[PDB]
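Q: Take a look at the following structure, please.
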Amino acid sequence: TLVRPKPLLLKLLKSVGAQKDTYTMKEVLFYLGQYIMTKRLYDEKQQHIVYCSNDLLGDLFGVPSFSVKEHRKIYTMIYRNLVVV
Ligand SMILES: CN1C(=O)[C@H](Cc2ccccc2)O[C@@H](c2ccc(Br)cc2)[C@H]1c1ccc(Br)cc1
């Protein structure tokens, strides 16, 4: 499935090296995760928990924190920031 990230998500992706305007979901996640690990928004003690309050990611998703273990919720939040081609 190819997707087109909306302006805010695209900015996020490109800030960690993304270069296209169109991506597969696996690529969106790849860069999104690189973004998270690069900024280290995860919690050192509980590494599956992500803190993104007052960050671009928080703006994007609409939440102050989330768990990378809830794939359905992450997929939901991501989909709101892209149009499926
Ligand atoms: C599937 N996946 C990835 O592709 C990347 C891999 C990656 C890591 C470092 C540098 C480049 C790419 O991130 C994974 C990830 C990210 C953050 C945490 Br916390 C756990 C796992 C993980 C992931 C990406 C996005 C979300 Br939201 C949740 C998990």
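Values quoted throughout were computed directly from the atomic coordinates according to the rules given, and no laboratory measurement underlies them. All Cβ positions, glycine included, derive from the backbone under ideal geometry; neighbour counts span all protein chains shown.
Q: Does residue 13 qualify as being under 9 Å from the mean Cα position of the chain (by Cα), within 10 Å of the ligand (Cβ to nearest atom) and either in contact (Cβ under 8 Å) with a residue 60 or more places away in the chain or not in a strand (DSSP E or B) (or both)? Can you show your working first?
A: Values: under 9 Å from the mean Cα position of the chain (by Cα): yes; within 10 Å of the ligand (Cβ to nearest atom): no; either in contact (Cβ under 8 Å) with a residue 60 or more places away in the chain or not in a strand (DSSP E or B) (or both): yes.
No.
Q: From (1) in contact with a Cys (Cβ under 7 Å, 6 or more places away or on another chain); (2) in a strand (DSSP E or B), pick out the condition that doesn't hold for residue 58.
A: Every condition holds for residue 58 apart from (2).
Q: Taking only the stretch 16-55 into account, find how many residues are in contact with a helix residue (DSSP H, G or I) (Cβ under 9 Å, 6 or more places away or on another chain), part of a loop (DSSP other than H, G, I, E, B) and within 11 Å of the ligand (Cβ to nearest atom).
A: The total comes to 4.
Q: What about residue 53, is it among the hydroxyl-bearing types (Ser, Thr, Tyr) and either in contact with a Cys (Cβ under 7 Å, 6 or more places away or on another chain) or in contact (Cβ under 8 Å) with a residue 24 or more places away in the chain (or both)?
A: On the way: among the hydroxyl-bearing types (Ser, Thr, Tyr): yes; either in contact with a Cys (Cβ under 7 Å, 6 or more places away or on another chain) or in contact (Cβ under 8 Å) with a residue 24 or more places away in the chain (or both): no.
Answer is no for this residue.
Q: Name the single residue that is surrounded by the fewest Cβ atoms within 10 Å (Cβ to Cβ) among those in the stretch 48-77 being charged (D, E, K, R) and over 19 Å from residue 11 (Cβ atoms). Give the derivation first.
A: In the first step, residues of the stretch 48-77 are kept if they are charged (D, E, K, R); the result is 55, 59, 69-70, 72-73.
Then keep just the ones that are over 19 Å from residue 11 (Cβ atoms); that gives 69-70, 72-73.
Details: 69: 9, 70: 12, 72: 7, 73: 14.
The qualifying residue surrounded by the fewest Cβ atoms within 10 Å (Cβ to Cβ) is 72.
Q: Checking residue 83 against (1) in contact with a strand residue (DSSP E or B) (Cβ under 6 Å, 6 or more places away or on another chain); (2) within 11 Å of the ligand (Cβ to nearest atom): exactly one of these is not met. Which one?
A: All conditions are met except number (2).
Q: A further question on this structure: Within the stretch 16-36, take every residue that is over 12 Å from the mean Cα position of the chain (by Cα), of a type outside the set (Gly, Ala, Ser) and surrounded by fewer than 18 Cβ atoms within 10 Å (Cβ to Cβ) and give me the one that is nearest to residue 76 (Cα to Cα).
A: The first filter runs over the stretch 16-36 and keeps only residues over 12 Å from the mean Cα position of the chain (by Cα), leaving 17-24.
With of a type outside the set (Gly, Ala, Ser) added as a condition, the list becomes 19-24.
Cutting the leftovers down to surrounded by fewer than 18 Cβ atoms within 10 Å (Cβ to Cβ) gives us 19-22, 24.
Values: 19: 24, 20: 22, 21: 20, 22: 19, 24: 16 Å.
Taking the candidates together, the pick is 24.
Q: Kindly establish whether residue 45 is surrounded by 11 or more Cβ atoms within 10 Å (Cβ to Cβ), of a type in the set (D, E, K, R) and out of contact with any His (no Cβ under 8 Å at 6 or more places or on another chain).
A: Numbers: surrounded by 11 or more Cβ atoms within 10 Å (Cβ to Cβ): no; of a type in the set (D, E, K, R): yes; out of contact with any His (no Cβ under 8 Å at 6 or more places or on another chain): yes.
Spelling it out, it is not the case that residue 45 is surrounded by 11 or more Cβ atoms within 10 Å (Cβ to Cβ), of a type in the set (D, E, K, R) and out of contact with any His (no Cβ under 8 Å at 6 or more places or on another chain).
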